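As a starting point, one isolated chain is supplied in structure tokens, in the form deposited in one PDB entry.
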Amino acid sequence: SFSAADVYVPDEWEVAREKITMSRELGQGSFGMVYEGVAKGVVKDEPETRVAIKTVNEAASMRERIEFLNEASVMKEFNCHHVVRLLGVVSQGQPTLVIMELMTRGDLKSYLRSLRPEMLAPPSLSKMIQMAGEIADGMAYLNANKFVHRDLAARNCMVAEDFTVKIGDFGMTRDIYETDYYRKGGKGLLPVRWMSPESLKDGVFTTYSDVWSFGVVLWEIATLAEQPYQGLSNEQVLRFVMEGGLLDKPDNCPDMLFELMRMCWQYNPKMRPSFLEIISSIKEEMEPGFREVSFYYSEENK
């Protein structure tokens, strides 16, 4: 049967519904239900791969479907070791399938919460630098390809079986080749606690604002996923941040990681570090594998 899937996805991202086997439910997803499972011959040199599978059911408007596909279409553009990668979509069938790289340990937020005692030290500075570095790497790729994530936060990063952290959710990211910015016209649903002052004020999003968010996820990592500006309301956070407010250094936070935050929170966007700069300052503290797999140390980067 002919559906949006047939036109809106290059058949060069297609894979036979027979190659894809679903096992158990992982959870709800933006446009359908996500399943863990296996995808034969989708990864070069793998006879089999573990993957996450999303199912869009007939019971979803064509509008719904089209947008959903277009969102995935941007994914396609990205090929970075620290971005969750799209493995392909099954388009000739009754429930459209999207096949993503499996991240066995789920979202960085939940993962961080799992480290707490049971209703409060943070990971070791070394574990933390690795996360910070792997997140910064993905973002630097994003920015090199002229995108603004807009929605960077612990809840949007995934953690792989080997504890590698990757950027994961791009429903909110925009193209910025020419302009180097995105301006929000109407109502926005982005959480205010991750938003840069300039973004709260004008609706402007740049890579400088991404770096601001990055600081906040460093803060989330440090506090094992506390709510930023706890004790303030969205109202007060708004006011507080725009007028120069800053998150307090976590109790138990190694100075270094909080210095890094304080630079990502420079009020003047132009005074913040680039994702490349950030990586540079800690690249010598990253587990060996990094050099091989990172975008920082890749050909694309120069």
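Rigid core (definition): largest C-alpha set, two forms, superposition within 1.5 Å. Counting begins at 1, following the sequence as shown.
Heads up, the form deposited in another entry isn't pictured, but that's what we're talking about next.
- Rigid core superposed between the shown form and the other one, residues 125, 232, 192, 176 considered: the one with a C-alpha shift of 2 Å or more is 176.
- Between this form and the other one, the CA-CA gap for residue 177 and residue 193 narrows by 3 Å or more, being smaller in the other entry.
- Figure legend: C-alpha atoms of residue 140 and residue 180, shown here, are separated by at least 3 angstroms more in the other entry.
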